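Q: Protein sequence lines, in the order shown, are assigned to chains A and B. Taking UniProt numbering, I'd label the letters of the first sequence as residues 742 to 766. Taking UniProt numbering, I'd label the letters of the second sequence as residues 1018 to 1028. Sharing a structure below in structure tokens format, with a few things to ask.
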Amino acid sequence: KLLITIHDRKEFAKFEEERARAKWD
Amino acid sequence: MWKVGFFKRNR
């Protein structure tokens, strides 16, 4: 039940990996 | 899982 600390960082990067990533990426 | 259903999106 503590997977919601690191896995939640990806479970949120749905479009976030294209919104807050492509910025510096 | 438990709360994850709406937590892994919430947190």
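Cβ atoms here follow ideal geometry from the backbone N, Cα and C, with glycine treated the same way.
Reducing DSSP to helix, strand and coil, say where A:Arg760 ends up.
A: Reduced to three states, the DSSP call for A:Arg760 is helix.
Q: If we ignore side chains and look at the alpha-carbon of each, how far apart do B:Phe1024 and A:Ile747 end up?
A: If you take the alpha carbons of B:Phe1024 and A:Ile747, they lie about 13 Å apart.
Q: Does A:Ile747 get closer than 7 Å to chain B when you measure Cβ to Cβ?
A: Not one chain B Cβ lies under 7 Å of A:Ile747.
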